[PDB]
Each structure stands twice: as C-alpha cells, then as structure tokens.
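The deposited numbering puts the first residue of the sequence shown at 919, with every later residue one more than the last.
Don't be surprised by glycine CBs; every beta carbon is placed ideally from N, CA and C.
For reference, the structure is listed below as structure tokens.
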Amino acid sequence: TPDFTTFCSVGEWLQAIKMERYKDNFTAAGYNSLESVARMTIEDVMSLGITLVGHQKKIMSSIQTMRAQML
C-alpha cells in the first residue's frame, strides 16, 4: 500500500496528482489542510468549479485513498 499521508500541503498533493491547476480553487474556498480535503464529497469538488469529469474522478479517487489512511 502506498502511503498517502506524506504530503505537507494541499498544494503538494495536487502537484503529485497533476491537478495543480486547481490550486487557487482549493485555496479560495479555504481548503488549507489535507484533513479538510480528505472530508470532501463530489459536491464539494463540484463547488470548486472543477467541471471536467476526468478531473473530478482523479481528485475523488485520490481523496478516497487519502481519507482511508487519514480519517
């Protein structure tokens, strides 16, 4: 099992999954910790204005693996 608890920031996590284009989206909505990111549902993701389905799925998938080890 990879360890998904080793990121030191939301920005570092996004970079690792090639999603760093949404960095400002996460920041602007006050997702400043990975703890808060790990609690997100699809609705939270949609609220960020992330609209490509492929991006929503990558992020949701990464959030899931994270939540399982983090929460």
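Reduced DSSP category for residue i - H, G, I as helix; E, B as strand; rest coil
| i | result |
| --- | --- |
| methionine 978 | helix |
| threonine 923 | coil |
| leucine 932 | helix |
| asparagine 950 | coil |
| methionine 984 | helix |
Local Cβ density within 10 Å of residue i, reported as buried at 16 or more and exposed below that
| i | result |
| --- | --- |
| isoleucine 960 | exposed |
| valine 971 | exposed |
| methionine 958 | buried |
Within 8 Å, strictly: CB atoms of residue i and residue j
| i | j | result |
| --- | --- | --- |
| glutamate 953 | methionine 978 | no |
| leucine 966 | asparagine 950 | no |
| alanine 946 | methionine 984 | no |
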